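Examination of the molecular architecture
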Amino acid sequence: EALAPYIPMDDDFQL
Amino acid sequence: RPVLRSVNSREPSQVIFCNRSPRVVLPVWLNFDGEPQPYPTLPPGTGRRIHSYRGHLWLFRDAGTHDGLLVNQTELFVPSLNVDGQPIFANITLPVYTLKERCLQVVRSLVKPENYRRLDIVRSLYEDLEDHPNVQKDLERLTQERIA
Amino acid sequence: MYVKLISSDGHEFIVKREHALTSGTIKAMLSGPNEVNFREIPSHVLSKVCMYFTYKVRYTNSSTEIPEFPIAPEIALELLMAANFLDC
Amino acid sequence: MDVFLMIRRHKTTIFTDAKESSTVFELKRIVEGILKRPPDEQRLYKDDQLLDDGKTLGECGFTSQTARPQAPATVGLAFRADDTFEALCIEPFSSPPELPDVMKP
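Moving on, we come to the nonpolar core. Of all hydrophobic cores here, the largest spans 64 residues; its most connected members are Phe 17, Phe 60 and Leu 99 of chain B together with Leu 5, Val 49 and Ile 71 of chain C. Here this core gets nine residues from one element, more than from any other, and that element is helix α3 (residues 43-59) of chain C. For this core, the two domains that each supply at least three residues are domain 1 (1-93) and domain 2 (94-148) of chain B.

Before going further, it helps to spend a moment on the pairing of strand β5 (residues 73-79) of chain D. Residues and elements named next belong to chain D. The element β5 is extensively covered by neighbouring structure, given that six of its seven residues are classed as buried. Here four bridges tie strand β1 (residues 2-9) to β5, and the two strands are oriented parallel to one another. In the strand pairing of β5, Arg 8 is matched with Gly 76. The pairing of strand β3 (residues 42-46) with β5 spans four bridges and is classified as antiparallel. Each bridged residue has a counterpart across the sheet, and for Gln 42 the counterpart in β5 is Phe 79.

Counted under the stated rule, the structure contains 13 aromatic pairs over all chains. Relative to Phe 69 of chain C, the ring of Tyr 52 of chain C has its centre 5.4 Å away and its plane inclined at 85°; by these criteria the two rings are edge-to-face. Of this pair, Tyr 52 of chain C sits in helix α3 while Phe 69 of chain C is found in the loop between α3 and α4 (73-86), placing the two residues 17 residues apart along the sequence. In terms of burial, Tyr 52 of chain C and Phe 69 of chain C fall into one category: buried. Members of the aromatic cluster, each reached through a chain of ring pairs, are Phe 17, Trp 29, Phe 32, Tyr 39, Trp 58 and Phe 60 of chain B. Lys 46 of chain D extends its terminal NZ or CZ atom over the ring of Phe 62 of chain D, reaching a point 5.5 Å from the ring centre.

What counts, and at which threshold
- Residues numbered from 1 in each chain as written, not as in the entry; some residues may be left out.
- Chains lettered and ligands numbered in written order.
- Heavy atoms only, no water.
- Residues with missing side-chain atoms left out of burial classes, pairs and counts.
- Core = buried A, V, L, I, M, F, W, Y, C linked by side-chain atoms within 4.5 Å.
- Buried < 20%, exposed > 50% of the residue type's maximum accessible area, 1.4 Å probe, protein only.
- Helix = DSSP H or I, 4+ residues; strand = E, 2+ residues; numbered from the N terminus.
- Domains from an automatic or database assignment.
- Pairing = 2+ DSSP bridges.
- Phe/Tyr/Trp six-rings, centres within 6.5 Å; stacked < 30°, edge-to-face > 60°.
- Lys NZ or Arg CZ within 6 Å of the ring centre and 35° of its normal.

Structural measurements only, silent on function.
Laid out in structure tokens, this is it:
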């Protein structure tokens, strides 16, 4: 099956 | 089978998108048919963990204007297998635009396209303003450069 | 070593010759086997073009975070015509 | 790191860079190569403050973060005469015209 990227529920962080 | 496409490796690779630019960044994933798909944007100066895969292709653009951006100083980013649990960084930055391109950016940002030819500028610049950045064109361009 | 660029109101800008070659226009002029008159470019524009030279030479091939090159809306049109004329 | 400067006198502006650890005297040496006046005939300034020959540019307040290539820090330059005093004087650049209606908010 085709597996596309995804984003974990998580806060972004500041650089 | 286009030349630029992700491979369906199904092998997980954790990546960290780091937006080291002042733009709102759109990550663009090339799917397995080479068609670009948008992913959630990153505000300036922010990082985000991503679940991607080995051999997938990504590029990055200004989300509002599709100005070109670089990722680890090149056009395309490809996750590799994580060594010892460490994610791969994708450091997104502005390229050094030409001054001309940078001026066109600023002018586009200020002037509705219907009003470009009301500007008191040399006539060859109207078409330059109208020829805004376009991901599909970039993909055709990157494809040719690759062949050569 | 350095080249001197003259703007329309007679401001003189002395910049490293390597930096001035960022301009394709200047590069072709000085390419043979120094002062350049740019009387069509006002000093509020030519000073910014010289900053662009410094910025291109510093940041090209660099792996650092690159800052935006800033352009105030009110100089954008003239700077665009200078950049076009100067090929940079 | 490096600081990026505009050394300005009257209607002359020199774009140059120098190390933050380099001295005011070494910047006068750069100026001497270009404008042919020796260090003991130059006065360099940050705003209205005369800079001491012996201080580094960092010690004078020129730091990499605030003297960047795309927005260089201004160093004022004045020359000495045998019997007169030259006020520091930097001629402003020109002013742009009015922003066109089609570019206004």
